[PDB]
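**Q** Pasting an experimental structure, sequence included:
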Amino acid sequence: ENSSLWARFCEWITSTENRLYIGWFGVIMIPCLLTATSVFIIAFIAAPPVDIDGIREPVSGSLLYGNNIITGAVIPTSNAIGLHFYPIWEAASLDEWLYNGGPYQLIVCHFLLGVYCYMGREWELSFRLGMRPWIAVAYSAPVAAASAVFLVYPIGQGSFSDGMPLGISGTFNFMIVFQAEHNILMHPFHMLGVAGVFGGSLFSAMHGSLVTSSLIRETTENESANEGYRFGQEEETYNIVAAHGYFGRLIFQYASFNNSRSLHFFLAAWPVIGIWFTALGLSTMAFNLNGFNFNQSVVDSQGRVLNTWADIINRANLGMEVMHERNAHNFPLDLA
Amino acid sequence: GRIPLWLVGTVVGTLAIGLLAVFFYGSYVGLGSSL
Amino acid sequence: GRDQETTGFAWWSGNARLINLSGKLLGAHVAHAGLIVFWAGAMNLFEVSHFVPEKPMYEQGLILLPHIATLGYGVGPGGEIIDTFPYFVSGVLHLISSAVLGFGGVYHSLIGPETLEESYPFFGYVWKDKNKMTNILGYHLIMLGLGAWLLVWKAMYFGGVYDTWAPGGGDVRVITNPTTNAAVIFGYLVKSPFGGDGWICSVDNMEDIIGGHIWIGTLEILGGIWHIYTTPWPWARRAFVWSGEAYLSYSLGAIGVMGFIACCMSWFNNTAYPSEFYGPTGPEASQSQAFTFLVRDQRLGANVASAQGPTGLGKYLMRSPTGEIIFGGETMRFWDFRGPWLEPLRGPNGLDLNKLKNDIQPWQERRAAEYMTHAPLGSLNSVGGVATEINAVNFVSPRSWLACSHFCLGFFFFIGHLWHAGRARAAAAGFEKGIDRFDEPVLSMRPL
Amino acid sequence: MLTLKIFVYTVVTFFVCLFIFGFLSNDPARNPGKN
Amino acid sequence: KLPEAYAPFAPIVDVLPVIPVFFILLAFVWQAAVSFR
Amino acid sequence: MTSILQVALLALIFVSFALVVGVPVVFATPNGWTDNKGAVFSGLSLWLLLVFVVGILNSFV
Amino acid sequence: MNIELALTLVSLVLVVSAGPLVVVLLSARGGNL
Amino acid sequence: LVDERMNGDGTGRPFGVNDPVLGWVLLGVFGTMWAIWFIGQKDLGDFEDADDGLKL
Amino acid sequence: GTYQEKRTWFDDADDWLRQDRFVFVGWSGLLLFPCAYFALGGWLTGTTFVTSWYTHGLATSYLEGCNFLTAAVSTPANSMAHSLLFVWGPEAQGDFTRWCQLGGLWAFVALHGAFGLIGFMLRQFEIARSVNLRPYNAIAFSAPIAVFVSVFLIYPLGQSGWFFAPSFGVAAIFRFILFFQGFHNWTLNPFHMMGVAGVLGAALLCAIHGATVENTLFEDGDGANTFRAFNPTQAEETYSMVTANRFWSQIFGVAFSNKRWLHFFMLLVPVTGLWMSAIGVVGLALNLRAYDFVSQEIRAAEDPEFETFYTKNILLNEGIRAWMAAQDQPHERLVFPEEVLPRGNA
Ligand SMILES: CCCCCCCCCCCCCCCCCC(=O)OC[C@H](CO[C@@H]1O[C@H](CO[C@H]2O[C@H](CO)[C@H](O)[C@H](O)[C@H]2O)[C@H](O)[C@H](O)[C@H]1O)OC(=O)CCCCCCCCCCCCCCCCC
Ligand code: CLA
Ligand code: CLA
Ligand code: CLA
Ligand SMILES: CC1=C(/C=C/C(C)=C/C=C/C(C)=C/C=C/C=C(C)/C=C/C=C(C)/C=C/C2=C(C)CCCC2(C)C)C(C)(C)CCC1
Ligand SMILES: CC1=C(/C=C/C(C)=C/C=C/C(C)=C/C=C/C=C(C)/C=C/C=C(C)/C=C/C2=C(C)CCCC2(C)C)C(C)(C)CCC1
Ligand SMILES: CC1=C(/C=C/C(C)=C/C=C/C(C)=C/C=C/C=C(C)/C=C/C=C(C)/C=C/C2=C(C)CCCC2(C)C)C(C)(C)CCC1
Ligand SMILES: CC1=C(/C=C/C(C)=C/C=C/C(C)=C/C=C/C=C(C)/C=C/C=C(C)/C=C/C2=C(C)CCCC2(C)C)C(C)(C)CCC1
Ligand code: OEX
Ligand SMILES: [Cl-]
Ligand SMILES: [Fe+2]
């Protein structure tokens, strides 16, 4: 028509008729995730071993170097680099990039930029369909959690080596070293997040049971119960008064939601608020505000010290403090 | 009823948050005070 | 007050009832502006009341006094304290003045006219009136531009501020020559934020910190007049949402980013947050360890250059990946540090071997021995060691309170951004209430 | 490596400018709502 | 510490920081007084 | 002039505790502002009186 | 038991009492809150 | 000088540019995307008006 | 029924038991209510007054200075190791105040908790049959029972004592968790790796379905408080399953299309997770743990250049075992020179 080249282009990005919606976050999400995906696969398979700690003992992380799926990892950037922006072109040779912890910092910068914008297009499509916009808020609870383990925690420590590796056994070392230095289990933000998922799983097992247990009889018994629902129907597929009536007898009548719109808000609000504190937990633990510490706290008269369980957890932490980075510490404090 | 409910919960809710402050006060003094 | 059946807003989303009520809303901000000043006065007098002026200021759990002390009130050379009467005045000044804001917050919220539109025409505003918003914007740019000049005038005429880079321990200095070069000032903004560059935390002298405020003082007065005499252009009409909640969420996107910067500046910058007052930084306390434990070999006489470590790297001094003479161990990650107790020990090629073995002042080790002990890593009940440290001392740095609080405060405002900027975009379109159930769009689209 | 650094700057500032000049192009009227 | 003409008022000033927390608690008291209309 | 100041400053807290309590009661009563209009002006000005009175003799102490 | 710790807690009773006292005096006398 | 490299990580050069071809790359790509947007502004509505946004 | 049989005393008792009331008693209430009440009441008694100084050798009560985090009803000592510690039995012999001192108040809570959990699951059966529903709420609660029975009962009945059970306290769990990392390497058991995916996967379905419903609602009121617009007896649904399908179909790629299958999928993901983690604890009760990979312990034995994070984890498990087991297992009477425990340097 009389439309420009640009208007032809903007009526394609914001077109909802596409199989996967792009939108304007997706024009910079899609080339960042396909960057970060395609480099994650290669370094998980063919990365040469990385000096993680700067002491020139390279750690293996590739499947081609005698690892399996569980011990495979993408090894973090070396301790000598620290927080210096280390792209591919600052290295002289390409193998100097790989040995120093190259593809960790390439992935994380494209990953975190990708998931900030995957949250963006969850808003953007919801504006293109007339939906209410707050699904993008609920995706910020993992985005707050993933920003902390990759970016907010290496800032407070000063190096990308202390961030979390991209591996299954790589994660498990990061959980151990963290609690040895910061005692995460004795921090009320990790206590909220633990209740965020034990409550979150309970509120899914309980809600999903009662909707299944109040289904209306529409099929036979040889046919599955999922055939009673036909897609896009108007009438309700389960009795709601019967499930409040059941759950009202179960504990007491005031302990239930009869308003199903107030119910589904509670299912959204409980884990999302819970993950927000355990995302802010290690965000504050990144700036060295560890947790509780009740060592040598219960004492009697005559100046003696009684053990508690907190002194037992001390012995676990003290056994891991003196073992992580085994050839690094030249000095009797772990300030770094 | 006789007494309004709103100053029932205020008096009880003050004496509950007044009660919690003792247990924080008792955390730095007395037993378990680490001294 | 009001009710739910006339506005459709419950008791908990109740402050949203006074969107279209101009006058009540004015009392709502004034009353809240009282509480900020009231917290400023009360917490200042509280911290003066528990202040021992012979111990260091950062040891006693203090955050508002080093803000006043950075300006140079009652302080002398090396970070000492002369008199604590000016710290008493500002706590008194804010606390009395909060009641003046307190009366205006009570008055307009109760008895003053709830819509000041047709009675007071200069103050009345409709949220779609774009010329009126750019006025109310442009007035406050002056009030926030003039406030930048007060720091400039106090650093150039009224005694000056605490310059921690002065020779022989920092003290109060009148900054006579502010660096106002635009290439020098705007070099910080378009600098990368990664290590060694440090976007705006790496401003290292007092010559620039007040040097920059001459720009932002001038621009916010030049920009404030610009928005008074102009309306937004038709591309800005094609770009923004022009409601009441939309103006809020624009702000919440801004001060979410403000929190993350003050989160980082109080953790890294020992120039605007001097280490004599706020305590040492994390990178400063770690580099203080290897320096003081290099004095602890000079008393024994072993060669710090030839001290090879267990991995063959150098126990005390090693080489940077850009080729500079730095410290060694696990503190190699902090080699980007600069500090006034250590910068008189560096030459061209980093720190000099011949200078470190001979040219150590006695006060430099004395300051670098407090900074080994008072490292900022602590606990939550204020124990103050590593997590494997028993209940002995009672210290955790104000840098660790400011970086943790202003991260979380500056985080939820970004969640505050994504709430309101979605809702204001939805409610301007029409479907904030839900799907229509009669003419809805998804039933009018093609499949897949 | 300079040949690679001049290529990333062409790539990034292409997609960054599709972003900035994309939201300016009357995105708040690209909605299914009616008035 | 406080000045010496002001030192008998140290017990009052150790309450003053907690006051703004009591304003958000007042707003729930007032909404219970109107019984959440 | 210490005890002159301390009696004047105990007097301030008694007036402020009146003005913290009574002044919202004056506003939120029906027609309470048209009745006690000059009454509050006495209590407000006496607050403004004492704050300079306490403020001036700090130079003498 | 100090004279300082006591008068501090006397000071806290008066302020906490002053909160709902504004609510009580308008729930009885005026009725406009 | 075993190897040749950038030597540009701790330098603080503005926008990371060190060769002036990068500034023309930063600016020339920007002006081209602006030029296509400015031409195609004819289709995006003409809000030369008193108040014509997505108001409420 | 339908032949006029007479009424017996048992029939008369049933009507009182299955009478509607503010709290439902039923027949299962005779098993539930006196067994559940003594469990938590026996927990609050033990955490408050009852020591642990004779069993483990460490204080555990509020009457000793332990706070809410560090108070625990502790397990018995490893002397008994499998006795039920009856208050009349030979380890106690009637004396109550010496019965608590041997840690026997642990077994009072664990055993009265088990018959509580049987009774509470029976509670969900007879309420469902009264209201004539389907039993799927009862079937989901078996997965908390399988976690309880395996961890607190099958695991000490396979190990050497009730000593190695978890103690009913907050920080006492925190060593039991840290027991399983060093001594078992429990993070590499795939039965726990399928437990995590059940927990974190069900937390994700609680957050999406609660937000997809809440953002695809139908405009039925006019106040913006959208909770007001729900008459719960209405025949139509409250949100748009068509729109919610097309959102995640273009955001994510595949989405639900079946409201019956969806809530059943929210049933299946947490239940399979715990049931696939109750199997892993059974292997730990026999110490059939997935501690090692053979082909990497060999390669790290002959070469001091090869390592992974796996070999870095085996050293950290040695740091938990060789350090805390001096105080954790006091019945083993073992002492350590400070040279026999592994360290790094400085
Ligand atoms: C080390 C250093 C590295 C440096 C790197 C460089 C970084 C540069 C950062 C710049 C960041 C700015 C980004 C925001 C720009 C916003 C532009 C805008 O909102 O723009 C909105 C406005 C809209 O303008 C209006 O557009 C209107 C369009 O009308 C048309 O459309 C109307 C309806 O749409 C009617 O139909 C009407 O009939 C029809 O004519 C009219 O033309 C008006 O007269 C006109 O005022 O545009 C304008 O004013 C734009 C005014 C400013 C333009 C700036 C251009 C700068 C170019 C620099 C040199 C580049 C060289 C390029 C070479 C290319 C080849 C190699
Ligand atoms: C600091 C926070 C703040 C502020 C300034 C306001 C302010 C306001 N709110 Mg909001 N509100 C808040 C928090 C806040 N609110 C919170 C946290 C909630 C959730 C509980 C609400 C929920 C809410 C609802 C549901 C409603 C309001 C309404 C109002 C307005 C009128 C209230 C009224 O009629 O007074 C009458 C109240 C009283 C007479 C009680 C006494 C109040 C006095 C002022 C306290 C005095 C304090 C202090 C001691 C005075 C010192 C003296 C001074 C002179 C020195 C007012 C502008 C109403 C509205 O929509 O207005 C149109 C309304 O319906 N608010
Ligand atoms: C915080 C205060 C504030 C606020 C809220 C606003 C808000 C607004 N301004 Mg105002 N303005 C302000 C301060 C403020 N301004 C100041 C201080 C100045 C003086 C410089 C101006 C000058 C100004 C002009 C001249 C115009 C506005 C316009 C606008 C409107 C649209 C802005 C826009 O599209 O941004 C979106 C942001 C962008 C499109 C990109 C901006 C990024 C800039 C260019 C920063 C890059 C600078 C960089 C660091 C320098 C590189 C140096 C290097 C070469 C070494 C909006 C209502 C416009 C308007 O509507 O007219 C009334 C308009 O024409 N403002
Ligand atoms: C119905 C609820 C219920 C259930 C299931 C249990 C179950 C249990 N309790 Mg708890 N208890 C209950 C109620 C219950 N109790 C109440 C109400 C009290 C308060 C008084 C207690 C107080 C209590 C204490 C203080 C203790 C227990 C203990 C026990 C355990 C030992 C069981 C045992 O030896 O009984 C054996 C008896 C039976 C199983 C009854 C069987 C019926 C017989 C076979 C009928 C034949 C009778 C016939 C006349 C006998 C003739 C003998 C003749 C030759 C002389 C077991 C887990 C002990 C424990 O926890 O272990 C550490 C313990 O110390 N309970
Ligand atoms: C609207 C409203 C609201 C709010 C309100 C407010 C917020 C208010 C504020 C107010 C304020 C904000 C006030 C303030 C006040 C203050 C004052 C009143 C002060 C005083 C002071 C003094 C008295 C001092 C004294 C002294 C001195 C002189 C010095 C030292 C010593 C002493 C301390 C003694 C609410 C929420 C409720 C809701 C409803 C309505
Ligand atoms: C004082 C100081 C200083 C200085 C400072 C300064 C000078 C600053 C400035 C600053 C500035 C000057 C800034 C700016 C910024 C900007 C921005 C931040 C922008 C933003 C943008 C936006 C936000 C946009 C958006 C959009 C898009 C994207 C598209 C469409 C739509 C819209 C439009 C919305 C110094 C450093 C020297 C020193 C220190 C201190
Ligand atoms: C400056 C000053 C002053 C003033 C002060 C003030 C201004 C105060 C205020 C105060 C206040 C104003 C307070 C308030 C209070 C209140 C409260 C403390 C309440 C509480 C409550 C509760 C805690 C509860 C709640 C609840 C309810 C009721 C319902 C819902 C649920 C619950 C239960 C949560 C004076 C003059 C004295 C003098 C000195 C200085
Ligand atoms: C062993 C025994 C037994 C039993 C006994 C019992 C059963 C008891 C019970 C007991 C009980 C039944 C107890 C209860 C308790 C409770 C408590 C002790 C509580 C506490 C709490 C607290 C401390 C807190 C509170 C709160 C909360 C919750 C939060 C917020 C705040 C408040 C404060 C409100 C029998 C006889 C079988 C045999 C003999 C011996
Ligand atoms: O990097 Mn991964 O973990 Ca933060 O502490 Mn020192 O450095 Mn290392 O050791 Mn401990
Ligand atoms: Cl080290
Ligand atoms: Fe549901």
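**A** Sure thing, it's come through. Numbers count the residues shown, from 1 in each chain, chains lettered A, B, ... in the order given. Ligands and ions are numbered 1, 2, ... in the order given.
**Q** CA only for contacts and neighbour counts going forward, please
**A** OK.
**Q** Geometric centre of chain E: which residue is closest?
**A** In chain E, the residue lying closest to the centroid (C-alpha atoms, centre = their mean) is residue E:19, at 2.4 Å.
**Q** likewise chain F?
**A** Mean-position check on chain F, C-alpha atoms, centre = their mean. Result residue F:47 at 2.8 Å.
**Q** Am I right that it sits in a helix?
**A** Yes: the assignment for residue F:47 by DSSP: H, G, I helix; E, B strand; the rest coil puts it in a helix.
**Q** Can you give me the distance of residue C:327 to chain E?
**A** 42 Å (C-alpha to the nearest C-alpha, to the nearest Å).
**Q** Chain neighbours aside, what residue packs nearest to that residue?
**A** Counting by C-alpha to C-alpha, 6 or more residues apart in numbering or on different chains, residue C:317 is the residue found nearest to residue C:327 once chain neighbours are left out, at 4.4 Å.
**Q** I'd say the one you found and residue C:330 touch.
**A** No: the pair residue C:317 and residue C:330 fails to qualify as a contact (C-alpha atoms under 8 Å) at a distance of 11.8 Å.
**Q** what are the ranges of the helices in chain F?
**A** Taking DSSP state H, the helices of chain F run over residues F:2-28, F:32-35, F:37-56.
**Q** list the helices and strands the first one packs on?
**A** Judged by 3 or more C-alpha pairs under 8 Å, 6 or more residues apart in numbering or on different chains; DSSP states H and E, helix F:2-28 is in contact with helix C:85-110, helix F:32-35, helix F:37-56, helix G:3-25.
**Q** contacting residues for residue 30?
**A** In the absence of a named chain, this looks at chain A. Contact analysis of residue A:30 by C-alpha atoms under 8 Å, 6 or more residues apart in numbering or on different chains lists residue A:114.
**Q** wrong chain, I was asking about chain G
**A** With the criterion set at C-alpha under 8 Å, 6+ apart, residue G:30 makes contact with F:28-30.
**Q** Can you give me the distance of the residue in chain E that chain B sits nearest to to residue C:11?
**A** Using C-alpha to the nearest C-alpha, the closest approach of chain E to chain B is made by residue E:32 at 5.3 Å. Applying C-alpha to C-alpha, to the nearest Å, the value for residue E:32 to residue C:11 is 10 Å.
**Q** The residue most central in space within chain B and residue C:194, how far apart?
**A** Taking C-alpha atoms, centre = their mean, the centroid of chain B lies closest to residue B:19, which sits 1.9 Å from it. From residue B:19 across to residue C:194, the span is 49 Å (C-alpha to C-alpha).
**Q** what do you get for residue C:84?
**A** For residue C:84 relative to residue C:194 (C-alpha to C-alpha), the value is 39 Å.
**Q** In three-state terms, label the residue lying closest to residue C:151 once chain neighbours are set aside for me.
**A** Nearest residue to residue C:151 in three dimensions, chain neighbours excluded: residue C:210, at 7.1 Å (C-alpha to C-alpha, 6+ apart). Of the three states, residue C:210 takes helix according to three-state DSSP.
**Q** correct me, but residue C:210 touches residue C:154?
**A** No: taking contacts as C-alpha under 8 Å, residue C:210 lies outside contact range of residue C:154: 9.7 Å.
**Q** can you give me the helices in the stretch 1-150 of chain I?
**A** I:9-17, I:29-48, I:96-99, I:104-131, I:136-140, I:142-149 (DSSP state H, counting those that start in this stretch).
**Q** Pull the first one out as PDB, backbone CA atoms only.
**A** Output for helix I:9-17, consisting of C-alpha atoms alone and laid out as PDB, is shown next (Å, rounded to 0.1, in the frame of the first residue of the first chain):
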ATOM      1  CA  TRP I   9     -25.700 -49.200  70.500                       C
ATOM      2  CA  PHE I  10     -22.900 -49.000  67.800                       C
ATOM      3  CA  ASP I  11     -25.500 -47.500  65.300                       C
ATOM      4  CA  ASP I  12     -26.600 -44.900  68.000                       C
ATOM      5  CA  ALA I  13     -22.900 -43.900  68.700                       C
ATOM      6  CA  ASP I  14     -22.200 -43.400  64.900                       C
ATOM      7  CA  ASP I  15     -24.800 -40.600  64.600                       C
ATOM      8  CA  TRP I  16     -23.100 -38.500  67.500                       C
ATOM      9  CA  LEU I  17     -19.700 -39.100  65.900                       C
END
